[PDB]
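When we count neighbours, we look across all protein chains shown, and the Cβ atoms used for this are built from the backbone with ideal geometry, even at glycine. Derivation of every value follows stated rules applied to the coordinates shown; laboratory data play no part.
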Amino acid sequence: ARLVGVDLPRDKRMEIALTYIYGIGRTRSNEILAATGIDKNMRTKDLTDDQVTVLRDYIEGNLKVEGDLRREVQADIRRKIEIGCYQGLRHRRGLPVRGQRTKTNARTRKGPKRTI
Amino acid sequence: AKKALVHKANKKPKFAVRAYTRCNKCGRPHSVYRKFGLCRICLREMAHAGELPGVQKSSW
Amino acid sequence: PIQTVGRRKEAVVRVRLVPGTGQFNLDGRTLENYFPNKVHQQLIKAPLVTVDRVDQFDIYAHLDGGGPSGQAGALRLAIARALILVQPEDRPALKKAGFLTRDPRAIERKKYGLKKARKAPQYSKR
Amino acid sequence: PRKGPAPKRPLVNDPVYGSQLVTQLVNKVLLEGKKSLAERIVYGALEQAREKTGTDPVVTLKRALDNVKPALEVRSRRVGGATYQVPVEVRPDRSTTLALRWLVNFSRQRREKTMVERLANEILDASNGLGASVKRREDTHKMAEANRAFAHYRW
Amino acid sequence: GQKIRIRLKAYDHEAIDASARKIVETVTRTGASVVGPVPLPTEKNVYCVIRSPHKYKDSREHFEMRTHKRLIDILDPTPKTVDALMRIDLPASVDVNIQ
Amino acid sequence: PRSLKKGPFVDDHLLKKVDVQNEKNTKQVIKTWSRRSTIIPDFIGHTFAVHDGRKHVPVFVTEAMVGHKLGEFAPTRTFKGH
RNA sequence: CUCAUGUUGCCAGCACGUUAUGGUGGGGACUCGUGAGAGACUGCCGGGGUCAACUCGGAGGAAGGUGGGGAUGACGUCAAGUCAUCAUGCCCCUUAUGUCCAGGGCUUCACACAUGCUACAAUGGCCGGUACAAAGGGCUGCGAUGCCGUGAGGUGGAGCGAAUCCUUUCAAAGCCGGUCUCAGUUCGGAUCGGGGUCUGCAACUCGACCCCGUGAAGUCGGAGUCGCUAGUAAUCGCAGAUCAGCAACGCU
Ligand SMILES: [Mg+2]
Ligand SMILES: [Mg+2]
Ligand SMILES: [Mg+2]
Ligand SMILES: [Mg+2]
Ligand SMILES: [Mg+2]
Ligand SMILES: [Mg+2]
Ligand SMILES: [Mg+2]
Ligand SMILES: [Mg+2]
Ligand SMILES: [Mg+2]
Ligand SMILES: [Mg+2]
Ligand SMILES: [Mg+2]
Ligand SMILES: [Mg+2]
Ligand SMILES: [Mg+2]
Ligand SMILES: [Mg+2]
Ligand SMILES: [Mg+2]
Ligand SMILES: [Mg+2]
Ligand SMILES: [Mg+2]
Ligand SMILES: [Mg+2]
Ligand SMILES: [Mg+2]
Ligand SMILES: [Mg+2]
Ligand SMILES: [Mg+2]
Ligand SMILES: [Mg+2]
Ligand SMILES: [Mg+2]
Ligand SMILES: [Zn+2]
């Protein structure tokens, strides 16, 4: 199915179909399905339009997903890079901010390996 | 261990957090066991000399 | 009164023999309920099978310490020894079968500097 | 092994059926030392093979081992700065053990999506002569009879 | 019915055995009933130290701290017996706690 | 992050200095030797000279950086690249 | 194995419990924990042996030919490590290279190496039921029952200088029931954001734990190379050392 401009899987459980939404995850999906009362093992062929609409209304009322989340994360990024914070400098240099072992780790952030 | 540092450590600190062992004689701040009050080498030497009534080698 | 004790890898057991039926009482529950393992049942019944006096002795078992296999083997040894005590005439066949010889192996001391038991840390010449 | 031939352990027999080959198979397939798991999986796959083939599991296993057990092998040897291979006869006991080893190896590496059924199917294929194990035996015999020439070394 | 838990707790087996023997003899002479030195599990304290400073840590060794404790439940705590126990002088290797 | 029950922590001497500054309405550069002092809304228009170990570097505070420590905006290490 | 031995430990045989289990009166008939003694010495037999050492096989026995593992480094070599343990000869500072404190650092990285855990999915991930051990720590410390939190934890605080009270009835794997039909996966979890707890006067550089969103590389691996011959190799757990807070996947 489709929801908030996101194409749900052709055949997959709703606990992962909702997970695939940017603003919803594994335990969040578990919590929303528990609150709604919908069993979590059913496949993507058994959904109904009214349930999708009510779920959309609930999630939009009690959460922000996708574009709003991305733009507010980027807003945080630009404000922290403008205020001259340590996190801003770390973003400028392209490194994790917690201060991990960048000597050897942080390969995921720095991306591929280049030989000098 | 520097005698000045040993004396300063013995003095009462202005904060309770600043309390540390500083092994009594050799003044080694590291590798010290609380109950003994002595560091690894101090324990080794005293036990080998037999000066503590009750420690002895291990074979079980 | 007939009493016996069996020990193996820290598995102390108690057995009391009774010429009544072939009932197995393991801490108030039957053998099939307690440690439901075919290998277990087989090894526990091995002595009575060898002596060919099945369905003639009732045993009550109290178990402390050890593991499942240890307790099972200790119980086997205990019933074998109790059977010998009540009738030593089966001595030569039972000793030939090996039911009356205890198993003198258990957890051994492990070295300082070694991970456990006999383990050895990675030893590289680089 | 410098002092001499070491003693051999007294391997136990299977009480479920009565053939120590089952014990050997479970011991070979032991992964991470899970005896109960390995034996239950082996029994389940044996029952699957039985219901698939409609015959005696012990008889079909005997047929498979008889078909797949080799009799000649190849050993590596280098002399005069050049590497060569020599064929040497093998004891039937070691032949059976290595046949079990190859059975496990080729029951590890195929794409049937479920190894419990797949090991049974591999057993059926080996019994029928279309198995990867019998293909490997064919290749081994071909290599041995090709290198027959260097048999004069006798080592 | 009153019982006094005379706690015997020392390091050396010889010392603890000698102290226990002296206590048994004193109690027997004074005329009181004592169960005896009931054995108790011996607490084991193991400490590991390195060979020498500046590395060379692969080879180690352990030190134990032997502690032997014995239980002495004395029944019928006669005033004479308690006074005698107070006046008995024992070696420094044995410390007796009365509870 | 500091627990809410304990609340923000501000050094007494710097609190006194900033209180005097904002009460007298004078705005000047204050030599700051404290790196553990949290920001308070009262610092909206105050300039602080934080010590990085080499020289007191002045910093201008606005409402934007509320909820962040003073040392966050004062780099301690110089990294020119390679 | 024999003797001595019964509490805070166990129960043969008798009584009280009546759901809470020796819990309670009682009891060494065995372990249980710590004292003494015996037992492996080619002990005996047959063959080889220079009639000698030594060796193969056999009977009794728990062990058969140093039963198993340990404490246990002969003279010396590597001018091997340690004036940053301590002490020690000589040079050097003494108005300093000594001494007290405020902030920062030892955790910086366009890369490399070595040791470990997580894996790379079904021998499995996940959910419900369910049985089996050891040993040790606990005073300015463990912390019961009860109540509120998803859970970090918040209130409270019985029993304990400790076979007694806590570290859960010490469990994990194990057995039964249900989903997944092989996907970059319901495997797998790092990175990056939004909310809290705990110790500390002082958590941004710089701690740890709980909740959420985030969903990257990785499908058994190149020449080369490492450990392991019986409770051995593999796999899954528990406690302690340093410690108010932890870098705890390391060590014992
Ligand atoms: Mg300190
Ligand atoms: Mg020290
Ligand atoms: Mg090395
Ligand atoms: Mg009793
Ligand atoms: Mg030498
Ligand atoms: Mg030298
Ligand atoms: Mg030199
Ligand atoms: Mg000097
Ligand atoms: Mg000198
Ligand atoms: Mg000088
Ligand atoms: Mg100086
Ligand atoms: Mg200072
Ligand atoms: Mg450092
Ligand atoms: Mg791990
Ligand atoms: Mg709560
Ligand atoms: Mg439990
Ligand atoms: Mg994850
Ligand atoms: Mg993840
Ligand atoms: Mg995990
Ligand atoms: Mg990949
Ligand atoms: Mg893959
Ligand atoms: Mg290679
Ligand atoms: Mg600590
Ligand atoms: Zn010292």
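Residues in the range F:71-78: is at least one on the phi < 0 side of the Ramachandran plot and more than 14 Å from chain A (Cβ to nearest Cβ)?
no
Looking at the range F:62-73, can you tell me whether even one residue there is touching a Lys or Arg at 6+ places or on another chain (Cβ under 6 Å), more than 28 Å from residue A:77 (Cβ to Cβ) and not aromatic (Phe, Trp, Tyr)?
No, the conditions are met nowhere in the range F:62-73.
Identify, by number, the condition in (1) away from chain E (no Cβ under 14 Å); (2) surrounded by 14 or more Cβ atoms within 10 Å (Cβ to Cβ); (3) basic (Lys, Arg) that residue B:25 doesn't meet.
Every listed condition holds for residue B:25 apart from (2).
So which residues in the range E:50-67 are polar (S, T, N, Q), assigned to a loop (DSSP other than H, G, I, E, B) and either within 7 Å of another protein chain (Cβ to nearest Cβ) or within 31 Å of the chain's Cα centre (by Cα) (or both), if there are any at all? Talk me through it step by step, then tell me what you get.
Initial filter on the range E:50-67 (polar (S, T, N, Q)): E:52, E:59, E:67.
Okay, now just the ones that are also assigned to a loop (DSSP other than H, G, I, E, B), so E:52, E:59.
The one that is polar (S, T, N, Q), assigned to a loop (DSSP other than H, G, I, E, B) and either within 7 Å of another protein chain (Cβ to nearest Cβ) or within 31 Å of the chain's Cα centre (by Cα) (or both): E:59.
What number of residues within the range D:14-26 satisfy the criterion of being surrounded by fewer than 16 Cβ atoms within 10 Å (Cβ to Cβ) and more than 14 Å from every other protein chain (Cβ to nearest Cβ)?
Within the range D:14-26, residues that are surrounded by fewer than 16 Cβ atoms within 10 Å (Cβ to Cβ) and more than 14 Å from every other protein chain (Cβ to nearest Cβ) number 3.
Looking at the range A:77-90, which of its residues are more than 9 Å from chain F (Cβ to nearest Cβ) and either closer than 9 Å to residue F:73 by Cα or surrounded by fewer than 16 Cβ atoms within 10 Å (Cβ to Cβ) (or both)?
Scanning the range A:77-90 gives A:77, A:78, A:81.
Check F:69, F:24 and return the single one that is without any contact (Cβ under 8 Å) to a residue 40 or more places away in the chain, out of contact with any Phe, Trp or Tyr (no Cβ under 9 Å at 6 or more places or on another chain) and either closer than 14 Å to residue A:84 by Cβ or buried (at least 17 other Cβ atoms within 10 Å of the Cβ) (or both). So that I can check it myself, show each step before the final result.
Working: F:24 fails: either closer than 14 Å to residue A:84 by Cβ or buried (at least 17 other Cβ atoms within 10 Å of the Cβ) (or both).
Among F:69, F:24, only F:69 is without any contact (Cβ under 8 Å) to a residue 40 or more places away in the chain, out of contact with any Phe, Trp or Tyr (no Cβ under 9 Å at 6 or more places or on another chain) and either closer than 14 Å to residue A:84 by Cβ or buried (at least 17 other Cβ atoms within 10 Å of the Cβ) (or both).
Yes or no, residue by residue, for (1) in a loop (DSSP other than H, G, I, E, B); (2) in contact (Cβ under 8 Å) with a residue 60 or more places away in the chain; (3) farther than 23 Å from residue C:105 by Cβ:
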position	(1), (2), (3)
C:1	yes, no, yes
C:4	no, yes, no
C:13	no, yes, no
C:20	yes, no, yes
C:34	yes, no, yes
C:46	no, no, no
C:56	yes, no, yes
C:72	no, no, no
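Mind listing whichever residues of the range B:1-29 are within 25 Å of residue B:54 (Cβ to Cβ) and either near RNA strand G (Cβ under 9 Å from one of its atoms) or in a helix (DSSP H, G or I) (or both)?
Correct list: B:21, B:23, B:25, B:26, B:28.
Using the structure shown, decide if residue B:12 is more than 17 Å from the chain's Cα centre (by Cα), charged (D, E, K, R) and either over 21 Å from residue E:45 (Cβ atoms) or more than 15 Å from ligand 24 (Cβ to nearest atom) (or both).
In short, yes.
Here are the criteria: (1) surrounded by fewer than 12 Cβ atoms within 10 Å (Cβ to Cβ); (2) over 21 Å from the mean Cα position of the chain (by Cα); (3) not in a helix (DSSP H, G or I). Tell me which single one residue A:98 does not satisfy.
Evaluating residue A:98 over (1) surrounded by fewer than 12 Cβ atoms within 10 Å (Cβ to Cβ); (2) over 21 Å from the mean Cα position of the chain (by Cα); (3) not in a helix (DSSP H, G or I) leaves (2) as the failure.
Run down B:52, B:43 and say which single residue is of a type in the set (A, V, I, L, M, F, W, C) and either within 16 Å of ligand 1 (Cβ to nearest atom) or more than 9 Å from every other protein chain (Cβ to nearest Cβ) (or both).
On the way: B:43 fails: either within 16 Å of ligand 1 (Cβ to nearest atom) or more than 9 Å from every other protein chain (Cβ to nearest Cβ) (or both).
When all the criteria are applied, what remains is B:52.
Which members of the range E:51-76 meet the condition of being closer than 14 Å to residue B:58 by Cβ and of a type in the set (A, V, I, L, M)?
The one that is closer than 14 Å to residue B:58 by Cβ and of a type in the set (A, V, I, L, M): E:65.
For the range F:29-70, give me each residue that is within 14 Å of chain A (Cβ to nearest Cβ) and part of a loop (DSSP other than H, G, I, E, B).
Listed by number, the residues that qualify are F:35, F:39, F:52, F:61, F:62, F:66, F:67, F:68.
Do the conditions hold for residue B:12, that is, is it of a type in the set (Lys, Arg), under 25 Å from residue E:92 (Cβ atoms) and either within 16 Å of ligand 2 (Cβ to nearest atom) or loosely packed, with under 13 Cβ neighbours inside 10 Å (or both)?
So residue B:12 does not fit the description; no.
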